[PDB]
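The chain contents come next:
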Amino acid sequence: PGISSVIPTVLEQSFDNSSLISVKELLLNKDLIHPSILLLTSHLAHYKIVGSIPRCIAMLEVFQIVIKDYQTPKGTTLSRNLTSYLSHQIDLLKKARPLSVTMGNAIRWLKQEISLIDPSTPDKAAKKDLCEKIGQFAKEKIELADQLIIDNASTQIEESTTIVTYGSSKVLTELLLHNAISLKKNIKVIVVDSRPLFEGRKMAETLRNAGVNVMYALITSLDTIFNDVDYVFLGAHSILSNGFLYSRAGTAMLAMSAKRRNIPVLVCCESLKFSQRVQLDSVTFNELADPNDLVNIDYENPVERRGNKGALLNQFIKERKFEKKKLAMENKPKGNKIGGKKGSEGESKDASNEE
Amino acid sequence: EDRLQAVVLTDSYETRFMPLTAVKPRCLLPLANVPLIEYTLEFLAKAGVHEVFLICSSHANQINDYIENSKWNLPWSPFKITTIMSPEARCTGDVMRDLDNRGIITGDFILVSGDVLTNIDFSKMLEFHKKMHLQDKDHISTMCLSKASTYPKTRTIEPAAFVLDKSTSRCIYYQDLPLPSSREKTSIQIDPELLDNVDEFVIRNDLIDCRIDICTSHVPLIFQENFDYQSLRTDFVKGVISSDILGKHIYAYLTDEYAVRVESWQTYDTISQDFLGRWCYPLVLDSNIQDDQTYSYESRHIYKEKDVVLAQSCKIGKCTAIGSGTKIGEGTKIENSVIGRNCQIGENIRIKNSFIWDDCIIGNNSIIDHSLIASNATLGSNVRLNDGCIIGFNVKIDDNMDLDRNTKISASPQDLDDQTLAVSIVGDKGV
Amino acid sequence: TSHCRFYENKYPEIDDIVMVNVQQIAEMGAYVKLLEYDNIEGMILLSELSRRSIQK
Amino acid sequence: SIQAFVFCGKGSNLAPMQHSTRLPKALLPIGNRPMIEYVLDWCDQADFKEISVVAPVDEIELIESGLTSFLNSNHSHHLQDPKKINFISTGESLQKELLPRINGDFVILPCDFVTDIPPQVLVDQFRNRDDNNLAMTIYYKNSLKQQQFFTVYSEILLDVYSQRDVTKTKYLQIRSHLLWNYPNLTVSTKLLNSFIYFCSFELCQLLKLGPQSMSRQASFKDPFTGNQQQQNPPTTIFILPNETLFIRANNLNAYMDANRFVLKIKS
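Residues numbered from 1 in each chain as written, not as in the entry; some residues may be left out. Chains lettered and ligands numbered in written order. Part of a larger assembly, values for the part shown. Heavy atoms only, no water. Residues with missing side-chain atoms left out of burial classes, pairs and counts.

- The record names cryo-EM as the way this model was obtained, at a resolution of 4.55 Å.

See below:
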């Protein structure tokens, strides 16, 4: 594949469930590697915008492009080394940064598709239909799911609502936009954001660009707007067969607060977000990047400054670790709405048999 | 560097604020219940001034009275306030000449022009100035600069221009052009004399204006020598630079902190908005410098003072302020506004980025979409105004009104439209 | 304005074939407009529509 | 996807070895290490596949010989000859000719190079920040009058306008409508432009329908005006020029500098 390891930073005595670091700067790249994937990796290394949902879509697009580029060889067959290539790609992705359940599902589907179509069929005719099928899948298991979510929201949400959210949950943003402009109702939307990621800020900016009244929030306090807050949706990434949620940042805290004060929380998701794997703590599987998001003194991301911060090894023993993905609870997110419209997260795998 | 004395300019540009000024002046008017010269005074105090020069001319008596009222006439402070007499609507050259003739200052003196609100430390700057002076004999004055508010797309009138230096920090040129309404000039010429002596150059366009100078014992002599100067930024410093005295240099310093001078209406509005937000940290309404005001920060972005009466079923927005003793019945849809102390209101105020000054009686019903109401200018029944509307002094508004953008309302109880006594553009009575 | 039936008569017969363009699903089935026999709506219940993810 | 072009010409600017009957511009061993060797090394570093060197009327086989013998090469390097050459355009006329062979992106690099800086970071910059075109400027000679000046931006990093000092009106000029969008504009004194060009996917349309560029500068980066009139058609992402600064002492060839380069190399 190329070059691996050779990186600074200690193994850390506290929290080491997954490996922590990689390929950022390109040197001596292989001939067969498609550059799009490399570009994507480069983006992800220092990404602000995407989270869970759009990433998968991007991956799908890339795969489609790859398929379009590839034709059946004379020596090797269509199902000879494709699988190997896929595996290699997956490995590369893993090396870059750990992935989502949706992505895995997509991979599985692709594998199934590969298994399905026999190599004896005409090649031109084959991918003509295959690509169409892929497109159809994309339409159904993403856009249609989103549409369904929107419609669920429509029946449920009262005549004009104050809405609170966290992160970069693209579907939810889209829904908000729809509420603002398409169906036309009052949108007192409150967005919270942390230090390491400027996702919330970005979302706010986007809302402003569409013409929405936004309330910006940080870690130090949340309750200042609560003690008034009436209806809340949480940030989503992946669901388990427990009834729990594996999501981003201090969403758990927010959920807890909601539970304490007046009203519970609800999350809407895609029907292909669900896993069959299970966990129950923020120690199980940790998603990590480099401890550098808080080294630069606030404000913007690319700055390059002279000051005081930058003591990972310089002074007498110092560690500056963080986490990205944490455990969201069960007793509080009562709502789960998918391609099967209605249900509770207490019914943690009721749709897994039906699919 | 102990014991200092400075000259400050107040009521610099009237008629620029065209709706106001007839009996009550320009600088006396508050930002949000609090006057603008107070901040300047505070700054001066912080600096450590022992002798204060101040100029009064147009509607001067009232200004003087106000000064007397403010707690600085007593010898508890190291500084005293003295008034310089000058004719109606004047420049800065004549006044400077007068000051020179009078003749008091020995050493360093600071001239501040316009309306400057600062939240910056200056001791370090002073030290730097001192160091510079110590470095070489032929050295003149210090200047301040700041990064502008993102992109100038709503601020249309003034686009600044500066050609600076890294090591010693020095500039010569300055330029302004309109454009968005009707385009004209597309060319600006730059000095080609001596450049490679310092080598390094940093050009910066859009920067916040204030006009501040820390001056040494050269300026009055220079004035005495050459009596052709009118303004300091356009003619004086540049003139001095351009082969007048050999070896004379200036110093520059940059600060990213909030410091804006007021000149127009939209700019003023923006400043007000900024103040409403938590942009300033040494200058906030909860700290209270005067120790007679009781404003404190509250939930859903609102400023308030003690005891406000309001009827049931309410609807409130963001970035607002409500004064003490404002007696309100039913209504209020408050979004982005300032209201002064004590305002009797009948029913309903539809507020969409509005503004209200000191003591305003409002009758029945008002659909307001971004407008300003001035002091003692009482509102009758049915008030309807569009964007950027500005009202003047003693305007006794009665029944039924409709106005649009850029309309200006008089103050005289002289030339301008929208009359004070007996309605505005529905009847003609007055001067 | 777009109207008028494709054949000679307004209303279809028994055993004849028609092509439909779908507008909305669920609750009943598909009470949808035809592109073979007039623009007036024709309905299918949730049973005859499918044989072998159906709602997707 | 990835291909590069190597410009080669004739020694017209240089004064005191270059005017010999059989010696070329590409093969000049002035300062110990060969001149095109560096270029080759750069190419190797850059991971670019099918790289083609463009040749003028003078020297047709010598360059081929250089490519083949002396040196490790391995990769398929080919020397192609266009016909329309005048030199009254240095390589513009060559660029115009070679356009249907470009499948994706192409980099313009002369035969004469002096390099010490890391070169991956330029490429990376070109890739990442959604840049249409990127050029480079480097510091003045550090080792022991009338000068040249250019426009810069330093905190995003952007380029605006390019004018030297040979043929111009005595006093400087700044446009008004090219300021209300993108406000802050800075001019530096010490910097020296190395003349390296990076080109994206959609640039081939300009050099076949209507050319105006002279010495590869005029109609390439300066027509980025999106205000005033709207008469010249913009090709789609908006037209945006870019520039970056670097520390190490190595620069361009335009005047008498070979002697200085020689002095420099031994360190």
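## Looking at the overall build of chain D
Here's step 1: When you go through chain D residue by residue, the secondary structure sums to six helices and 10 strands.
Here's step 2: In terms of overall dimensions, chain D is globule-like: its C-alpha atoms have a radius of gyration of 19 Å, near the 18 Å expected for 267 residues.
Here's step 3: The principal-axis extent of the C-alpha atoms belonging to chain D is close to 55 × 50 × 35 Å.
Here's step 4: Within the span of chain D, comprising 267 residues, buried residues form 40% of the whole.
Here's step 5: For chain D, the exposed surface amounts to about 17,200 Å²; the carbon and sulfur share of it is 54%.
Here's step 6: A distance of 8 Å separates the average location of the 25 positive side-chain charges in chain D from that of its 25 negative side-chain charges. (Helix = DSSP H or I, 4+ residues; strand = E, 2+ residues; numbered from the N terminus. Rg over C-alpha atoms; globule rule 2.2 N^0.38 Å. Buried < 20%, exposed > 50% of the residue type's maximum accessible area, 1.4 Å probe, protein only. Areas by Shrake-Rupley, 256 points an atom, 1.4 Å probe, with all protein chains shown as cover. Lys, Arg positive; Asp, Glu negative; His and termini not counted. Charge placed at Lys NZ, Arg CZ, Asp CG, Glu CD.)

## Details of the interface of chain D and chain B
Here's step 1: Every contact between the two is made by 20 residues of chain D and, on the other side, 25 residues of chain B.
Here's step 2: Its residues placed into classes, the side of chain D that touches chain B shows eight nonpolar, nine polar and three charged. (Contact = heavy atoms within 4.5 Å. Nonpolar A, V, L, I, M, F, W, Y, C, P; charged D, E, K, R; others polar.)

## Re unusual backbone geometry
All names here are of chain A.
Here's step 1: Positive phi, normally seen in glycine, also occurs at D298, with a value near 55°.
Here's step 2: Judged by relative accessible area, which is 37%, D298 ranks as partly exposed.
Here's step 3: Unusually for a residue other than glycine, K341 sits at a positive phi of about 60°.
Here's step 4: Here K341 shows up in the segment after β9 (333–337).
Here's step 5: With a relative accessible area of 40%, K341 lands in the partly exposed category.

## Quick notes on the nonpolar core
Here's step 1: Within the largest apolar cluster, 33 residues are counted, with the highest numbers of intra-cluster contacts made by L20(B), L31(B), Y39(B), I271(B) and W357(B).
Here's step 2: Here this core gets five residues from one element, more than from any other, and that element is helix α7 (residues 265–276) of chain B.
Here's step 3: In contact with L31(B), not counting residues within four places along its chain, are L36(B), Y39(B), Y268(B), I271(B), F275(B), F355(B) and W357(B).
Here's step 4: Membership of the second largest hydrophobic core comes to 27 residues, among which are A4(D), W42(D), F126(D) and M136(D). (Core = buried A, V, L, I, M, F, W, Y, C linked by side-chain atoms within 4.5 Å.)

## Re the interface of chain A and chain D
Here's step 1: Opposite the nine residues of chain A that make contact, chain D presents seven residues.
Here's step 2: Of the roughly 600 Å² buried where chain A meets chain D, counting both sides, 38% is carbon and sulfur surface.
Here's step 3: The interface formed by chain A and chain D contains zero salt bridges.
Here's step 4: Taken together, the connections running from chain A to chain D amount to zero residue pairs in polar contact.
Here's step 5: In the side of chain A that touches chain D, the residues fall into four nonpolar, two polar and three charged. (Buried area = accessible area lost by both parts, 1.4 Å probe. Salt bridge = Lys/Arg side-chain N within 4 Å of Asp/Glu carboxyl O. Polar contact = N/O pair within 3.5 Å; in protein donor to acceptor, adjacent residues only side chain to side chain.)

## Quick word on the pairing of strand β4 (residues 109–112) of chain B
Residues and elements named next belong to chain B.
Here's step 1: The alternating pattern of β4 places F109 and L111 and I110 and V112 on opposite faces, both of which are buried.
Here's step 2: One ladder, built from four bridges, connects strand β1 (residues 4–8) with β4; its direction is parallel. Within the sheet, the bridge partner assigned to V7 lies in β4 and is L111.
Here's step 3: As defined by bridge partners, β4 adjoins strand β8 (residues 212–215) across four bridges and the pair is classed as antiparallel. Of the residues in β8, the one forming a bridge with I110 is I214. (Pairing = 2+ DSSP bridges.)

## A look at the packing of aromatic side chains
Here's step 1: The full count for this structure, using the stated rule, is 18 aromatic pairs over all chains.
Here's step 2: Across from the ring centre of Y173(B), 3.7 Å away, lies the NZ or CZ of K238(B), which sits over that ring.
Here's step 3: One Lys or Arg, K141(D), reaches over the ring of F261(D) and ends 5.3 Å from the middle of that ring. (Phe/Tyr/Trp six-rings, centres within 6.5 Å; stacked < 30°, edge-to-face > 60°. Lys NZ or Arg CZ within 6 Å of the ring centre and 35° of its normal.)

## Quick notes on the environment of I409(B)
Residue and element names in this part refer to chain B.
Here's step 1: Inspection of the secondary structure puts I409 in the segment after β23 (401–403).
Here's step 2: Overall, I409 belongs to the buried group, its relative accessible area being 3%.
Here's step 3: The sequence separation of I409 and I391 amounts to 18 residues, and the corresponding C-alpha distance is 4.7 Å.
Here's step 4: In contact with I409, not counting residues within four places along its chain, are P19, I390, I391, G392, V395, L403, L416, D417, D418 and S424.

## Here's the deal with the packing of helix α2 (residues 53–69) of chain A against helix α4 (residues 101–116) of chain A
Residues and elements named next belong to chain A.
Here's step 1: For the pair α2 and α4, interaxial distance at closest approach is 10 Å and the crossing angle is 30°. The orientation of α2 relative to α4 falls into the category roughly parallel. When the axes of α2 and α4 are compared, the crossing they make is right-handed. Contacts between α2 and α4 involve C56, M59 and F63 from the former and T102, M103, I107 and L110 from the latter.
Here's step 2: Within the contact of α2 with α4, the residues separate by chemical class into six nonpolar, one polar and no charged. (Axes fitted to C-alpha atoms, helices over the stretch in contact; angles between N-to-C directions. Parallel < 35°, antiparallel > 145°, perpendicular 65-115°, else oblique. Left-handed = near helix turned anticlockwise from the far one by under 90°.)

## Some remarks on the pattern of salt bridges
Here's step 1: Enumeration according to the criterion identifies 18 salt bridges over all chains in this entry.
Here's step 2: Of the charged contacts in the structure, one is a salt bridge between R195(A) and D298(A), with a shortest N-O distance of 3.8 Å.

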